[PDB]
Structure formats: structure tokens, C-alpha cells
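Input: one structure, supplied below.
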Ligand SMILES: C[C@H](CCC(=O)NCC(=O)O)[C@H]1CC[C@H]2[C@@H]3[C@H](O)C[C@@H]4C[C@H](O)CC[C@]4(C)[C@H]3CC[C@]12C
């Protein structure tokens with residue numbers, strides 16, 4: 001018994017799952033070869049036995065959020081405000097901690113539309129919409145600071161508690177969901193990253209949980225693909241079940257009929273592969289969900305989808 005607690009997945013349909021890389025619901029399953037791209041997200045990362053990796057944390061509304069205090073407005077561009085960051089749970093940020101950036105920090109390049117809000121000790125408040133540019137030279141969260149931009153040029157206070165609530169993309173300039181920010185700015189390498197992931201057996205492709213996030217203007221499918229839904233990460237953190245091999249065989253199952261629709265490989269380091277080819281969404285019955293079947297090895301041959 002000891003050291004062999006059985007592994008399980010939560011009982012949740014696709015309409016009951018959340019994206020772990022942007023704070024919205026899952027819309028569909030998706031597969032693609034992503035030919036030539038390095039897939040290395042830092043949010044939504046966990047081992048199957050419950051160790052969170054990268055910048056991953058547990059609270060859904062802290063995904064892509066920021067907290068801190070504004071120490072100064074930029075003198076020659078009053079749309080820009082210097083935010084000195086804390087952790088999203090309110091504790092001070094320790095740059096010496098062995099993570100790439102404060103937990104929850106965005107893990108992709110974009111102009112992110114959102115709202116900057118404040119509440120003073122006397123309960124006077126203000127909030128203004130604007131943009132967090134994760135590609136900016138001044139996006140240096142691992143050093144403790146980022147720049148916020150707003151249309152408002154006067155009505156934000158210095159040295160008062162501040163939060164950034166993300167909403168979506170402002171436009172598509174610089175948007176690339178697989179391009180990591182430089183968390184310490186220009187000429188400095190990222191540290192303590194969760195590793196890139198790829199299929200390791202011929203005929204297989206990654207399977208993603210995909211959301212189409214809001215866009216304020218332009219043309220885009222707004223796709224944000226995560227490797228594990230947030231609820232699976234929360235489940236593994238609680239359960240802490242050991243992994244006896246490299247790969248768990250899982251099956252998408254109708255719970256009323258028992259019919260198994262397809263099977264997939266769930267890898268120890270926290271991602272899914274399927275036997276499939278091409279770029280396509282995957283339509284599943286609204287009532288089904290993945291169930292654990294058995295433990296196998298990296299070279300197990302899946303039935304084709
Ligand atoms: C401060 C950042 C990043 C600028 C930057 O680092 N540029 C490169 C460089 O300086 O080297 C910029 C990028 C997009 C900008 C925003 C967008 O252009 C939209 C909008 C435009 C308005 O005229 C001013 C407010 C507002 C909301 C801009 C504020 C400043 C932002 C948020």
C-alpha cells in the first residue's frame with residue numbers, strides 16, 4: 001500500500017474545466033504538430049504526482065494577474081506607470097526564489113488588455129483600463145517591476161495597493177502564445193524554467209485544452225492552449241499519488257454508456273499525446289471525461305483517433 005496510492009483524474013466534463021494559462025473556461029480540445037515551434041509554457045505546469053512547476057500556482061483568478069504599488073509615473077509619458085510588484089497572494093516577492101518570475105505572471109508575448117485598480121486605507125478607490133505589454137524592455141517582473149499603460153494620465157495614486165485584472169488581447173501586435181517573455185529584461189537569460197514538451201514516439205501529437213480569449217480589435221482566433229486544465233493541477237496537488245512509470249494510459253469515456261471514444265498518453269511531467277495528424281479541433285460528447293486506465297511505457301502504441 002504505502003508508496004502505491006492509486007492515481008485518479010477528477011470527474012469533470014469539458015464544460016466544467018478551466019484554462020490554466022488565461023483565466024477563462026475551456027472551449028474545446030485541439031491537436032496540432034506545431035512544426036518548428038518550441039512549446040514551453042510556464043503556467044499550467046505540474047507533475048502527475050502534484051509538484052507545480054514554472055510559474056504555476058493554484059488560484060484561478062491569479063493567472064495573468066499582478067499586484068503591487070506604483071512608485072512613480074514616467075515623466076515624459078504620463079500614460080506609463082512603474083509598478084513595483086509583490087506576489088499575487090499579497091506576500092512580498094523574493095527574487096532569490098527558484099522560479100522564473102512571480103507565480104502567475106503571464107507566460108506569453110502580447111499586449112494584454114485589462115484594468116488597473118486601487119483601494120486606499122480610507123477606502124477611496126479608482127480603476128482605469130489599459131494595457132500590460134509583456135514584450136516591453138520594462139517588463140522585468142523577476143527584477144521586481146513592470147510598466148502599466150493607461151489612457152488616463154492623472155487619476156492613479158502613488159504608494160497605494162494596486163491590482164491588474166487581465167481581460168484579453170488589446171490587439172495582435174507582438175502576440176505569440178509560445179514566445180516566453182524575458183522575465184529579467186534585455187540580455188538576461190530566464191532561469192528555473194519548466195522544460196519544453198513534444199511527442200516522443202512516431203505518429204503522435206500533443207493534445208491541448210484550448211480557449212479563444214477576448215480581443216478588443218482586429219482579427220484572431222485568440223487561441224491559448226494549455227497542457228493540463230487548472231482543475232487537474234489542483235487535483236494532483238491534493239492527491240499526491242506516485243507515478244510508477246513514465247506514462248498513464250487514459251480513455252475518454254461516456255459515464256452513462258461506458259463507451260470509450262478514444263485513448264491518449266498522459267506523461268509523468270504533465271502533458272498529453274494522441275495518435276493523430278494535422279491541425280484540427282476535437283469534438284467530444286458533452287457528458288464524457290477522461291478516466292485513468294493503466295500505467296504503460298513511452299513506446300506504447302495508441303489506437304488512432
Ligand atoms: C508602455 C507600453 C510599452 C512601450 C515600449 O516599451 N515600447 C518600446 C520601447 O520603448 O523600447 C506601451 C505599448 C502599447 C501602449 C498602449 C497602446 O498603444 C494603446 C493606448 C494608446 C494611447 O495613445 C495611449 C494609451 C495606450 C493604452 C498605450 C500606453 C502605453 C503602451 C501600453
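Debye sum, Cα scatterers, the chain, no solvent: what log₁₀ I/I(0) at q = 0.08, 0.12, 0.13, 0.14 1/Å?
-0.38, -0.81, -0.93, -1.05
Another one. What value, in deg cm²/dmol to 500, does the helix sum -39500 (n - 2.57) over DSSP H runs of n ≥ 4 give at 222 nm once divided by the residues of the chain? Don't skip to the answer; put the middle values down first.
Numbers: 1 runs with 10 residues, N = 305.
My calculation for the chain gives -1000 deg cm²/dmol from helical runs alone.
Can you put 154, 184 in order of Cβ neighbours within 10 angstrom, beginning with the fewest?
Numbers: 154 8, 184 19.
Fewest to most other Cβ atoms nearby, the residues stand as 154, 184.
A further question on this structure: In what sequence do 265, 138 fall when counting other Cβ within 10 Å, fewest first? The partial results should precede the final answer.
Details: 265 24, 138 15.
Final ranking by Cβ density, sparse to dense: 138, 265.
Let me ask something additional. Can you give the relative contact order of the range 1-153 as a percent, counting alpha carbon pairs under 8 Å and 6+ residues apart? Mind dumping the intermediate values first?
Values: 237 pairs, mean separation 28.2, N = 153.
So the answer I get is 18 percent.
For the range 45-89, taking Cα atoms only, what is the radius of gyration to one decimal and the Dmax to the nearest whole Å?
In order Rg, Dmax, the Cα atoms of the range 45-89 give 15.6, 51 Å.
Among 74, 85, which comes first, then next, by fewest other beta-carbon atoms within 10 Å?
Values: 74 13, 85 23.
The most exposed by this proxy come first: 74, 85.
For the range 1-34 and the range 222-238, what is the centre-to-centre distance using only Cα atoms, to the nearest Å?
What the calculation gives is 5 Å, centre to centre.
Across the Cα atoms of the range 97-149, what radius of gyration and what greatest pairwise Cα-Cα distance (Dmax) are found, in Å?
13.1, 37
If you don't mind, there's one more thing I want to ask. Largest first and in whole Å, what are the equivalent-ellipsoid semi-axes of the range 1-69 based on the Cα gyration tensor, each being the root of 5 times an eigenvalue?
Working: eigenvalues 108, 74, 52 Å².
Taking √(5λ) for each eigenvalue gives 23, 19, 16 Å, largest first.
Taking a virtual spin label 7 Å from the Cα of residue 34 along the C-beta vector, which residues in the range 152-190 bring their backbone nitrogen under 11 Å of it?
Zone members listed by number: 177-180.
Here's another thing I want to ask about it. If you fit an axis through the alpha-carbon atoms of helix 230-239 and take the longest principal axis of the Cα set of the chain, what angle between them do you get, 0 to 90°, nearest 10?
Result, in degrees: 70.
Give the distance, in whole Å, between the Cα centre of the range 142-205 and the Cα centre of the range 103-123.
Measuring centre to centre over Cα atoms gives 11 Å.
Oh, and also: Tell me, what is the Rg over Rh of the range 63-170, with Rh the Kirkwood radius over Cα pairs?
On the Cα set of the range 63-170, Rg over Rh gives 0.93.
Under the 0.36 nm per residue contour assumption, what length would be gained going from the current alpha-carbon distance of residue 221 and residue 79 to full extension? If you can, show how the numbers build up before the last one.
Details: separation 142, 0.36 × 142 = 51.12 nm, distance 2.89 nm.
Computed gain between residue 221 and residue 79 is 48.2 nm.
Positions of Cβ are backbone-derived with ideal geometry, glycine not excepted, and every protein chain shown enters the neighbour counts. Each reported figure results from applying straightforward, stated rules to the coordinates on display, with no laboratory input.
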